[PDB]
Each structure stands twice: as structure tokens, then as C-alpha cells.
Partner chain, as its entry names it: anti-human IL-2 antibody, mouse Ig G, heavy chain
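Before any questions on binding or motion, here is one chain by itself as C-alpha cells, the form deposited without the partner chain.
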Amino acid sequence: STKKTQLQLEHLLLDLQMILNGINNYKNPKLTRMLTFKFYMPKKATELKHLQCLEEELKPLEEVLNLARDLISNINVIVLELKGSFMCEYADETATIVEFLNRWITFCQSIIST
């Protein structure tokens, strides 16, 4: 079971990085506008069950991306199966997509570590 859990986190991890990598590649003017959009961050993220804060922001992430269906689709399956279908509490300060994706990329790394 533990190994199955790990592999899933790694795919999730890879996934978020590919979306971030493609964003960084954009031409600055495009990146400028895209950076104006705001995302919501979790107050805490240490348990697999916190992965719900991510789920609630997938739609927004999908939408913004659109303006710049399958990549996000995978992340959805992973999250749904990983956390198991807890009230997610957000921070006061909103963040940029780059910040957003970084936060969760670290999350996955921290968990895989344990």
C-alpha cells in the first residue's frame, strides 16, 4: 500500500511541475497577465488529508490555463484517490500561479520524504 501511495504522489508531483515548466516558458507579456490572477493557499499542509485544498483550486487552475483538459484530469484522479473521499482552511494572503504550484510541489516532496 505504501509503495502505491508513493508512486501516486510522484505522478502528482511530476504533473504539477510540467504545468509550471510550461508556464515559465511563456513570453513575458503573457506571463505578466497570467500572474495577475489569484489562487488560495492552505494554512497548513502536512498530512495527505490536506490535499483537499488543492482539489478546490483545480477548476480555477484549469480555467486560467485554458485562457493561455487532460493534464488537470490526471491530477484530479490522483487527489481523489490519495486523500480518500475535512474542512480546508485558507490563508489570508493570496498567491500567484507560480507560487501556488510551487507550494504544492514542495508539499508532495515533503510527503514522499516521510
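In this text, the rigid core denotes the largest set of C-alpha atoms whose superposition between the two forms falls within 1.5 Å. Numbering follows the first chain given and starts at 1.
Another form, the form deposited with the partner chain bound, is not on view; read the next lines as being about it.
In the deposited bound form, no heavy atom of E47 sits within 4.5 Å of the partner chain. Once you line up the core between the shown form and the other one, the Cα of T106 stays within less than 2 Å of where it was. In a rigid-core overlay of the protein, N25 has its C-alpha displaced by at least 2 Å between the shown form and the other one.
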